Structures are given as C-alpha cells and as structure tokens.
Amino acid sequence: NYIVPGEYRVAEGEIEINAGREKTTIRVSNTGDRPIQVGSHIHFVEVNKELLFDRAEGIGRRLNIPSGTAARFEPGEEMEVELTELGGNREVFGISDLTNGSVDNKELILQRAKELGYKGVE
C-alpha cells in the first residue's frame, strides 16, 4: 500500500460542534458599503453597528460555525445565520463595551447599543 509519510487515517463519523446548546436563526443585513466578516466567537450583539438585525437576539450568543471560521457579508448583502449560546460564565468584557458583565443584563446591553447607534435595537 502506497505510503504517504505522516498521513492520517481518520475514524468514521462526524463531529457535532456546540452540542446541546440552543440554536437560533436570524436574518442579518450589511447596510454598509464595505464588506464585514464576523468570527465564530465574537459576542454577536457587539458586531459592527451597520449590520442590521434584531440586536436582542444576538445577546449571550455567537455564530454556530466551526471554531476559527467566519461569516462574510458583502456590502448590501442580507442573509440568514445560525447562532449558538455562549458558554462558561456567560460574561462578556471589552469588544465593543456593550456588556462588560453578565450577558443576562439585556436591558442595559440594549440601552448602550441604541445610544451608540448599533442598528436594530428593537
């Protein structure tokens, strides 16, 4: 049998990511005129202001995509994405400074998002 040095012989099956966490589908639109690409682990409510979507549905969540991959939005593009729940302590600090604490404080997160112009605060 031909030898490929260091080759893999992977087992059978598939790997399910983020297993057991609630999944959510939402429609997101890039209202900007430059492309936006969002990574798997950024708190979704804190993404670029010009992405329009129901901001409350991004709280305490992130994209449900393979760790280290990203969703891309061309200028003007609208599309559906699937979110999964953040884990661990379910706390977010920094990034856009919308949360800085538990993700359970939805009212506070949405007030900050709305004051700063993050589109789609219901």
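Residue indices: 1-based, along the sequence shown.
Engineer: Once the chain's modelled residues are ordered by C-alpha B factor and cut into thirds, is residue 79 in the lowest, middle or highest one?
Structural biologist: Its C-alpha B-factor, which the entry lists for residue 79, ranks in the middle third among residues of this chain.
Engineer: For residue 46, does the deposited CA B-factor place it in the lowest, middle or highest third of the chain?
Structural biologist: For residue 46, the deposited C-alpha B-factor lands in the lowest third.
Engineer: Splitting the chain's C-alpha B-factors into thirds, which one does residue 66 fall into?
Structural biologist: Answer is lowest: the recorded C-alpha B-factor places it there.
Engineer: What third of its chain, lowest, middle or highest, does the C-alpha temperature factor of residue 72 fall into?
Structural biologist: Residue 72: CA B-factor falls in the lowest third of its chain.
Engineer: Taking the chain's C-alpha temperature factors as the reference, tell me which third residue 39 falls into: lowest, middle or highest.
Structural biologist: Lowest third of the chain for residue 39's C-alpha B-factor.
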